[PDB]
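Below is the file coords_7.txt, which contains compact mmCIF, N, CA and C atoms.
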```
# COMPACT_ATOMS: atom_id res chain seq x y z
N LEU A 981 17.32 -23.83 -10.65
CA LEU A 981 18.70 -23.80 -10.16
C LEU A 981 19.17 -25.18 -9.68
N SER A 982 18.25 -25.99 -9.16
CA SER A 982 18.58 -27.34 -8.70
C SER A 982 18.69 -28.34 -9.85
N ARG A 983 18.16 -27.99 -11.02
CA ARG A 983 18.05 -28.90 -12.15
C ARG A 983 18.90 -28.52 -13.37
N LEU A 984 19.27 -27.25 -13.53
CA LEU A 984 20.07 -26.81 -14.67
C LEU A 984 21.36 -26.12 -14.24
N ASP A 985 22.40 -26.26 -15.06
CA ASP A 985 23.67 -25.58 -14.82
C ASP A 985 23.59 -24.12 -15.26
N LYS A 986 24.49 -23.31 -14.69
CA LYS A 986 24.51 -21.86 -14.86
C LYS A 986 24.24 -21.33 -16.27
N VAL A 987 24.91 -21.86 -17.30
CA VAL A 987 24.72 -21.34 -18.65
C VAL A 987 23.29 -21.57 -19.15
N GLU A 988 22.69 -22.70 -18.80
CA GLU A 988 21.30 -22.96 -19.19
C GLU A 988 20.30 -22.38 -18.19
N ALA A 989 20.65 -22.41 -16.90
CA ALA A 989 19.77 -21.85 -15.87
C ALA A 989 19.52 -20.36 -16.09
N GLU A 990 20.58 -19.59 -16.35
CA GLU A 990 20.42 -18.14 -16.53
C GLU A 990 19.46 -17.80 -17.67
N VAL A 991 19.34 -18.66 -18.68
CA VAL A 991 18.38 -18.41 -19.75
C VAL A 991 16.96 -18.57 -19.23
N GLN A 992 16.73 -19.61 -18.43
CA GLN A 992 15.41 -19.86 -17.84
C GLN A 992 15.07 -18.82 -16.78
N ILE A 993 16.04 -18.47 -15.94
CA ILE A 993 15.81 -17.47 -14.89
C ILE A 993 15.48 -16.11 -15.50
N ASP A 994 16.12 -15.75 -16.61
CA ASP A 994 15.83 -14.45 -17.23
C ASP A 994 14.40 -14.36 -17.73
N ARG A 995 13.78 -15.48 -18.08
CA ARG A 995 12.36 -15.46 -18.45
C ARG A 995 11.48 -15.15 -17.25
N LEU A 996 11.75 -15.78 -16.11
CA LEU A 996 11.00 -15.50 -14.90
C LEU A 996 11.20 -14.06 -14.45
N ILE A 997 12.45 -13.59 -14.44
CA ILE A 997 12.75 -12.21 -14.06
C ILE A 997 11.95 -11.24 -14.93
N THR A 998 11.96 -11.45 -16.24
CA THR A 998 11.24 -10.57 -17.16
C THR A 998 9.74 -10.53 -16.85
N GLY A 999 9.12 -11.70 -16.67
CA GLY A 999 7.69 -11.73 -16.40
C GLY A 999 7.32 -11.26 -15.01
N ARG A 1000 8.15 -11.57 -14.01
CA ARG A 1000 7.88 -11.11 -12.66
C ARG A 1000 8.09 -9.60 -12.53
N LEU A 1001 9.12 -9.07 -13.19
CA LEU A 1001 9.36 -7.63 -13.18
C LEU A 1001 8.22 -6.89 -13.86
N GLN A 1002 7.71 -7.45 -14.96
CA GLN A 1002 6.56 -6.87 -15.65
C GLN A 1002 5.31 -6.91 -14.77
N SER A 1003 5.19 -7.94 -13.93
CA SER A 1003 4.06 -8.04 -13.01
C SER A 1003 4.12 -6.99 -11.90
N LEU A 1004 5.31 -6.73 -11.35
CA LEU A 1004 5.47 -5.61 -10.43
C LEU A 1004 5.22 -4.26 -11.09
N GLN A 1005 5.74 -4.04 -12.30
CA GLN A 1005 5.49 -2.77 -12.96
C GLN A 1005 4.00 -2.55 -13.20
N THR A 1006 3.27 -3.61 -13.57
CA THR A 1006 1.83 -3.50 -13.76
C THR A 1006 1.13 -3.18 -12.44
N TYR A 1007 1.52 -3.85 -11.36
CA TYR A 1007 0.95 -3.61 -10.04
C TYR A 1007 1.24 -2.20 -9.54
N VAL A 1008 2.51 -1.79 -9.55
CA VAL A 1008 2.88 -0.47 -9.06
C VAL A 1008 2.23 0.64 -9.89
N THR A 1009 2.11 0.44 -11.21
CA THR A 1009 1.46 1.45 -12.04
C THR A 1009 -0.01 1.62 -11.67
N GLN A 1010 -0.73 0.51 -11.46
CA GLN A 1010 -2.13 0.61 -11.08
C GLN A 1010 -2.30 1.14 -9.65
N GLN A 1011 -1.34 0.85 -8.76
CA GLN A 1011 -1.40 1.43 -7.42
C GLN A 1011 -1.17 2.94 -7.46
N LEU A 1012 -0.30 3.41 -8.35
CA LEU A 1012 -0.09 4.84 -8.51
C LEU A 1012 -1.36 5.53 -9.00
N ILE A 1013 -2.10 4.87 -9.89
CA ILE A 1013 -3.35 5.42 -10.41
C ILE A 1013 -4.44 5.39 -9.34
N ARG A 1014 -4.54 4.29 -8.59
CA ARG A 1014 -5.48 4.23 -7.47
C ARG A 1014 -5.14 5.26 -6.40
N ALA A 1015 -3.86 5.47 -6.14
CA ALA A 1015 -3.46 6.47 -5.15
C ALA A 1015 -3.96 7.86 -5.53
N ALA A 1016 -3.96 8.17 -6.83
CA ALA A 1016 -4.50 9.44 -7.30
C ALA A 1016 -6.00 9.55 -7.04
N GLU A 1017 -6.73 8.45 -7.22
CA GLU A 1017 -8.16 8.45 -6.93
C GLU A 1017 -8.42 8.67 -5.45
N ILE A 1018 -7.66 7.98 -4.60
CA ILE A 1018 -7.77 8.16 -3.15
C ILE A 1018 -7.35 9.57 -2.74
N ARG A 1019 -6.31 10.10 -3.38
CA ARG A 1019 -5.86 11.46 -3.10
C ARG A 1019 -6.95 12.48 -3.41
N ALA A 1020 -7.58 12.35 -4.58
CA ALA A 1020 -8.69 13.24 -4.94
C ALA A 1020 -9.85 13.12 -3.96
N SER A 1021 -10.16 11.89 -3.53
CA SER A 1021 -11.22 11.67 -2.56
C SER A 1021 -10.87 12.23 -1.19
N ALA A 1022 -9.61 12.09 -0.77
CA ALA A 1022 -9.17 12.67 0.49
C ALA A 1022 -9.20 14.19 0.45
N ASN A 1023 -8.82 14.79 -0.68
CA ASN A 1023 -8.91 16.24 -0.81
C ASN A 1023 -10.36 16.71 -0.71
N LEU A 1024 -11.27 15.98 -1.35
CA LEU A 1024 -12.70 16.28 -1.24
C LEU A 1024 -13.18 16.16 0.20
N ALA A 1025 -12.80 15.07 0.88
CA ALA A 1025 -13.19 14.87 2.27
C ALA A 1025 -12.63 15.96 3.18
N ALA A 1026 -11.39 16.40 2.93
CA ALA A 1026 -10.83 17.49 3.72
C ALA A 1026 -11.60 18.78 3.48
N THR A 1027 -12.06 19.00 2.25
CA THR A 1027 -12.88 20.17 1.94
C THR A 1027 -14.25 20.09 2.61
N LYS A 1028 -14.85 18.90 2.64
CA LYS A 1028 -16.12 18.72 3.33
C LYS A 1028 -15.98 18.93 4.83
N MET A 1029 -14.87 18.49 5.42
CA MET A 1029 -14.63 18.75 6.83
C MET A 1029 -14.58 20.24 7.13
N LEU B 981 28.35 -3.15 -31.83
CA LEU B 981 28.44 -3.04 -33.29
C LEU B 981 29.88 -3.10 -33.78
N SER B 982 30.82 -2.61 -32.99
CA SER B 982 32.24 -2.64 -33.34
C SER B 982 32.87 -4.00 -33.10
N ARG B 983 32.22 -4.86 -32.31
CA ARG B 983 32.78 -6.13 -31.87
C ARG B 983 32.07 -7.37 -32.40
N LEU B 984 30.80 -7.27 -32.80
CA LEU B 984 30.04 -8.41 -33.31
C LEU B 984 29.48 -8.16 -34.70
N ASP B 985 29.36 -9.23 -35.49
CA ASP B 985 28.76 -9.14 -36.81
C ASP B 985 27.24 -9.14 -36.71
N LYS B 986 26.60 -8.62 -37.76
CA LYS B 986 25.16 -8.39 -37.83
C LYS B 986 24.26 -9.48 -37.23
N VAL B 987 24.48 -10.75 -37.58
CA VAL B 987 23.61 -11.82 -37.08
C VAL B 987 23.71 -11.96 -35.56
N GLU B 988 24.91 -11.79 -35.00
CA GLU B 988 25.07 -11.85 -33.55
C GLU B 988 24.81 -10.51 -32.88
N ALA B 989 25.19 -9.42 -33.54
CA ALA B 989 24.96 -8.09 -32.99
C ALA B 989 23.47 -7.81 -32.77
N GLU B 990 22.64 -8.12 -33.77
CA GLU B 990 21.20 -7.85 -33.65
C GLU B 990 20.57 -8.57 -32.46
N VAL B 991 21.13 -9.70 -32.04
CA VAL B 991 20.60 -10.38 -30.86
C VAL B 991 20.93 -9.58 -29.60
N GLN B 992 22.15 -9.06 -29.52
CA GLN B 992 22.57 -8.25 -28.39
C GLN B 992 21.87 -6.89 -28.38
N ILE B 993 21.75 -6.26 -29.55
CA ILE B 993 21.09 -4.97 -29.66
C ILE B 993 19.62 -5.07 -29.25
N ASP B 994 18.95 -6.16 -29.61
CA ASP B 994 17.54 -6.31 -29.25
C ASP B 994 17.34 -6.38 -27.74
N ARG B 995 18.34 -6.85 -26.99
CA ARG B 995 18.23 -6.83 -25.54
C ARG B 995 18.29 -5.41 -25.00
N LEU B 996 19.21 -4.60 -25.52
CA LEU B 996 19.28 -3.20 -25.11
C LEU B 996 18.02 -2.44 -25.50
N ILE B 997 17.56 -2.63 -26.74
CA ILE B 997 16.33 -1.97 -27.19
C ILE B 997 15.17 -2.30 -26.26
N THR B 998 15.01 -3.58 -25.92
CA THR B 998 13.91 -4.00 -25.05
C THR B 998 13.98 -3.32 -23.68
N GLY B 999 15.16 -3.31 -23.06
CA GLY B 999 15.29 -2.70 -21.75
C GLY B 999 15.23 -1.18 -21.76
N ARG B 1000 15.80 -0.56 -22.80
CA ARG B 1000 15.74 0.89 -22.92
C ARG B 1000 14.32 1.36 -23.24
N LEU B 1001 13.61 0.63 -24.09
CA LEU B 1001 12.23 0.96 -24.40
C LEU B 1001 11.35 0.81 -23.17
N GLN B 1002 11.60 -0.23 -22.37
CA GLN B 1002 10.88 -0.41 -21.11
C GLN B 1002 11.17 0.72 -20.13
N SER B 1003 12.39 1.26 -20.17
CA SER B 1003 12.75 2.39 -19.32
C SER B 1003 11.99 3.65 -19.71
N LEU B 1004 11.87 3.92 -21.01
CA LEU B 1004 11.08 5.07 -21.46
C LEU B 1004 9.60 4.91 -21.13
N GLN B 1005 9.04 3.72 -21.34
CA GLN B 1005 7.64 3.51 -21.00
C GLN B 1005 7.39 3.73 -19.51
N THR B 1006 8.32 3.27 -18.67
CA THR B 1006 8.20 3.49 -17.23
C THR B 1006 8.27 4.98 -16.89
N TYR B 1007 9.21 5.69 -17.52
CA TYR B 1007 9.35 7.13 -17.30
C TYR B 1007 8.13 7.91 -17.78
N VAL B 1008 7.71 7.68 -19.02
CA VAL B 1008 6.56 8.40 -19.57
C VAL B 1008 5.28 8.10 -18.79
N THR B 1009 5.11 6.86 -18.33
CA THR B 1009 3.93 6.53 -17.54
C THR B 1009 3.91 7.30 -16.22
N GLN B 1010 5.04 7.37 -15.53
CA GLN B 1010 5.08 8.12 -14.28
C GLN B 1010 4.98 9.63 -14.51
N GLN B 1011 5.47 10.13 -15.65
CA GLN B 1011 5.29 11.54 -15.97
C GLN B 1011 3.83 11.86 -16.26
N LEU B 1012 3.11 10.93 -16.89
CA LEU B 1012 1.68 11.12 -17.13
C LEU B 1012 0.91 11.19 -15.82
N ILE B 1013 1.31 10.37 -14.85
CA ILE B 1013 0.66 10.36 -13.54
C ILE B 1013 1.01 11.63 -12.76
N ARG B 1014 2.28 12.05 -12.79
CA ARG B 1014 2.67 13.31 -12.17
C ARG B 1014 1.97 14.50 -12.82
N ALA B 1015 1.82 14.47 -14.15
CA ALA B 1015 1.13 15.55 -14.84
C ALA B 1015 -0.30 15.71 -14.34
N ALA B 1016 -0.97 14.59 -14.04
CA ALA B 1016 -2.32 14.65 -13.48
C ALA B 1016 -2.32 15.31 -12.10
N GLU B 1017 -1.31 15.01 -11.28
CA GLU B 1017 -1.20 15.64 -9.97
C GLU B 1017 -0.99 17.15 -10.10
N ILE B 1018 -0.11 17.56 -11.01
CA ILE B 1018 0.13 18.98 -11.27
C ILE B 1018 -1.12 19.63 -11.85
N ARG B 1019 -1.82 18.93 -12.73
CA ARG B 1019 -3.06 19.45 -13.32
C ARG B 1019 -4.10 19.71 -12.24
N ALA B 1020 -4.30 18.76 -11.33
CA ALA B 1020 -5.24 18.95 -10.23
C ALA B 1020 -4.83 20.12 -9.35
N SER B 1021 -3.53 20.28 -9.09
CA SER B 1021 -3.04 21.40 -8.30
C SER B 1021 -3.21 22.73 -9.03
N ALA B 1022 -2.98 22.74 -10.34
CA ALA B 1022 -3.19 23.95 -11.13
C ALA B 1022 -4.66 24.33 -11.18
N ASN B 1023 -5.55 23.35 -11.28
CA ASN B 1023 -6.98 23.64 -11.23
C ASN B 1023 -7.38 24.24 -9.89
N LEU B 1024 -6.83 23.70 -8.80
CA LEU B 1024 -7.07 24.26 -7.48
C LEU B 1024 -6.55 25.69 -7.38
N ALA B 1025 -5.32 25.92 -7.86
CA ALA B 1025 -4.74 27.26 -7.85
C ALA B 1025 -5.55 28.25 -8.68
N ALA B 1026 -6.07 27.81 -9.82
CA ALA B 1026 -6.92 28.68 -10.63
C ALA B 1026 -8.21 29.02 -9.88
N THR B 1027 -8.74 28.06 -9.13
CA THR B 1027 -9.93 28.31 -8.32
C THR B 1027 -9.64 29.26 -7.16
N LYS B 1028 -8.47 29.11 -6.52
CA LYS B 1028 -8.08 30.03 -5.46
C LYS B 1028 -7.87 31.44 -5.99
N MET B 1029 -7.31 31.58 -7.19
CA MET B 1029 -7.16 32.89 -7.79
C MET B 1029 -8.51 33.56 -8.01
```

Structure translated into structure tokens:
Amino acid sequence: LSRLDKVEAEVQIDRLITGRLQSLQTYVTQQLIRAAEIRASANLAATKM
Amino acid sequence: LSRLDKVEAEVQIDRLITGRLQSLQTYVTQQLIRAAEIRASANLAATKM
């Protein structure tokens, strides 16, 4: 943003947005899968209690 | 499609395709994770029966 004007900057920014958004989607998806593992383990622990 | 010719339209259409396809992948992935939660609950319910 400090080095390029709006018409050229928005092209560069859209590349970062795309890759950063994909990085959050990858993280949140794996956290959802880990949450299921923890949920199953918590259900087992509640049954053991 | 009504406003741009093929060479320019396909560039704009590919942006929609990319984002809409990413929306379906996000939806189907979360449905697969929810299906596992429902599956675990159905297995529990079958055991309670």

- Task: May I have the residues of chain B within 8 Å of chain A, counting all atoms listed in the file, written as number ranges by chain?
- Result: B: 1009-1010, 1013, 1016-1017

Draw an axis-aligned box tight on the listed atoms of range 991-996 of chain B, then pad every side by 6 Å and write out centre and edge lengths in Å to one decimal as lines of an AutoDock Vina configuration file.
```
center_x = 20.0
center_y = -6.4
center_z = -28.5
size_x = 17.2
size_y = 19.9
size_z = 19.0
```

- Grab the atom N of residue 986 in chain A to atom C of residue 1004 in chain A distance for me, in Å with one decimal place.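 Atom-to-atom, atom N of residue 986 in chain A to atom C of residue 1004 in chain A, that is 27.3 Å.
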
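Our summary of the geometry notes that atom C of residue 997 in chain A is positioned 23.8 Å from atom C of residue 987 in chain B.
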
- Å distance separating atom C of residue 993 in chain A from CA of residue 981 in chain A, one decimal place: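 Separation between atom C of residue 993 in chain A and CA of residue 981 in chain A: 9.9 Å.
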